[PDB]
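Next comes just one chain, in structure tokens: the form deposited in one PDB entry.
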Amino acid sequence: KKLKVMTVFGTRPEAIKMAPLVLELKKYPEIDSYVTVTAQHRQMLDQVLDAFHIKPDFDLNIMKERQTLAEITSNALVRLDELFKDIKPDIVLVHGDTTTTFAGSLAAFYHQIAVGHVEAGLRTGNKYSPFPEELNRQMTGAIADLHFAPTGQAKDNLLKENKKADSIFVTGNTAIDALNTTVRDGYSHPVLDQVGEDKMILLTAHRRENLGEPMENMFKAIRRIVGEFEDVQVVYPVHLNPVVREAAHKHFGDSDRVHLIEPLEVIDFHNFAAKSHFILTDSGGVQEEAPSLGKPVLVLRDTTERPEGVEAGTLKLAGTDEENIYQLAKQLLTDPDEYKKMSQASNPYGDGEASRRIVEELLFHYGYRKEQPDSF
């Protein structure tokens, strides 16, 4: 009989990383696959689904404006529970570390449905950084039957938590599957036109634990850089969270050389990253994409769960102190040795074959294939 697989996800980053897997799953005659979105994000999720031309089988439309963690958890849980009364897949695949990831896993567990965790095992060891992502991924790890770890270090993290080695596979990150298709040699954009010959710093900031004072500190450091370096401009595709938007407007409204724009489609964003001089970000996904692009990243966090990019020299933790961020950005602008150190391209997160590996592992595990795939 055909293996019944359901992907469950709800946000921009999950959708970008899950879309290559959703498309891979469809290529296999022995799999009957379903796509379920919680729509924890609405506009930002639809931007991705539309770009990949993916239409979900089920769309739970849960997003509320300025929603709380309790609200997302309850809404996702209740709606998925209702879904699972009628449709019973053999396995539910969740992604990464959102509240949708955890609620999806929990709803599946409550119906005794098996769970596979895509992007399993990332850790900072700090329950409040990132908040609540660190616990979302740890609690999802308690539920998951199969763990698709992007890297060996992620697998080691799960081993240290007493997970069975034979339930964890090192696949690479599906983000690289997508990234390997988007960059364009001849790329053009109206915003890049007005940047012109100036150095471009690409900025995103949205971590929950960074809202308020930490983000004010980041933005003050950025204002100081722009004021001091005349040949520098910032492009900031601003997250739809109104708390972020308030902070962005407060600091960068009336700035000629900081461009506040709507979130970019992923092909556009990847191409902006490729064109950037360097990146300031607190994004998870951007940290995994940057090494492939050989693009220096100052990570505006006190922690990271991407140590592989740090080892490659691409990623440097800058924290959230104003002066520290200023000094690190100034260094990248004025020290060619430091810039060179941070701008060597490598592929520590994937080779573009992660989706294939995940599906082939599923097929092996359930007895459809006699052989296991290669590891990343």
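Rigid core here is just the name for the largest C-alpha set that superposes within 1.5 Å across the two forms. Residue numbers here begin at 1 and follow the sequence given.
Keep in mind that the form deposited in another entry is missing from the display, and what follows is about it.
Novice: Which residue moves between the shown form and the other one, judged by a Cα shift of 2 Å or more on the rigid core: 166, 228, 82, 161?
Specialist: The listed residue whose C-alpha shifts by at least 2 Å is 228.
Novice: Once you overlay the rigid core, does the Cα of residue 188 travel 2 Å or further between the shown form and the other one?
Specialist: It does shift by 2 Å or more.
Novice: Does residue 264 count as moved between the shown form and the other one, where moved means a C-alpha shift of 2 angstroms or more after fitting the rigid core?
Specialist: Passes the 2 Å threshold, so yes.
Novice: Return yes or no for residue 322: a CA shift of at least 2 Å between the shown form and the other one, with the rigid core superposed?
Specialist: Moves: yes, 2 Å or greater.
Novice: Since the CA distance of residue 124 and residue 222 differs by 3 Å or more in that other deposited form, is it closer or farther than in the form displayed?
Specialist: They are farther apart; the C-alpha distance rises by 3 Å or more in that other deposited form.
Novice: At a change of 3 Å or more, would you call the C-alpha separation of residue 341 and residue 347 in that other deposited form closer or farther than in the form supplied?
Specialist: Here the pair is farther apart than in that other deposited form; there, closer.
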